[PDB]
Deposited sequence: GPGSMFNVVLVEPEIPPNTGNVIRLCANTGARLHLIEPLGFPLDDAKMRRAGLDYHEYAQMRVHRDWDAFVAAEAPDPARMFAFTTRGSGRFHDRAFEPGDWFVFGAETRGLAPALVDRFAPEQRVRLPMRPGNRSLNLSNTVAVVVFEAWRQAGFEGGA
C-alpha cells in the first residue's frame, strides 16, 4: 500500500522495528545500501540510482523527510503506493540526495523546535499511519 524507503540505516533495532511495522500495516520496505549492519515484503538496493532504476517511482509521489526547504507532512494528501524516503537517524538525508527532491516533495514532521531527532521507527510509524488514515485504513480494522 505504502512504500517506506530507508537510506543507509545505521541502528539495527530501528529497521527491525520498521520491518515489523510494515507487516502490521501492509507497507513495503526498501533499503538503500550500504547498511550499518548485517541483515539475514522487503527489498535491498545497492544505492539510489539502482533503486530508481529498479523501482521507477513516480517522482510526484516520492517524498523525502528533511527539515530544509520542506513543508508539513500533514498538509499534504497521500495516495496508496506513495514513496516515503527517510535518512539515517543521525545524519538524515545526504544533501546531495535532498537536492534530487522538488520542494513540494519535501516534508517534515511537526516537532517542538529544538530538539533531538525522533527515533526513526517512530518517525516511520507516524508517517505510515497518517497516510493510512487518509486512505481510510483500508484492509485494516
### Query
Where are the gaps relative to the deposited sequence?
1 to 4, 45 to 59
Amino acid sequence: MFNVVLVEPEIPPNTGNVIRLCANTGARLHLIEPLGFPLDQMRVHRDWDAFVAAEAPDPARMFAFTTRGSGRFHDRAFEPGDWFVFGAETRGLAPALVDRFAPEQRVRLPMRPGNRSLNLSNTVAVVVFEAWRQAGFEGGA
From here on, numbers count along this sequence of modelled residues.
### Message
Please compare 61 to 69 with 90 to 98 and say which has the higher mean C-alpha temperature factor in the record.
### Response
90 to 98
## Note on the structure
Higher avg CA temperature factor (102 to 110 vs 31 to 39, as deposited) belongs to 31 to 39
### Query
By the record's CA B-factor, is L118 among the lowest, middle or highest third of residues in the chain?
highest
### Query
Among the modelled residues of its chain, does the C-alpha B-factor of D75 lie in the lowest, middle or highest third?
highest
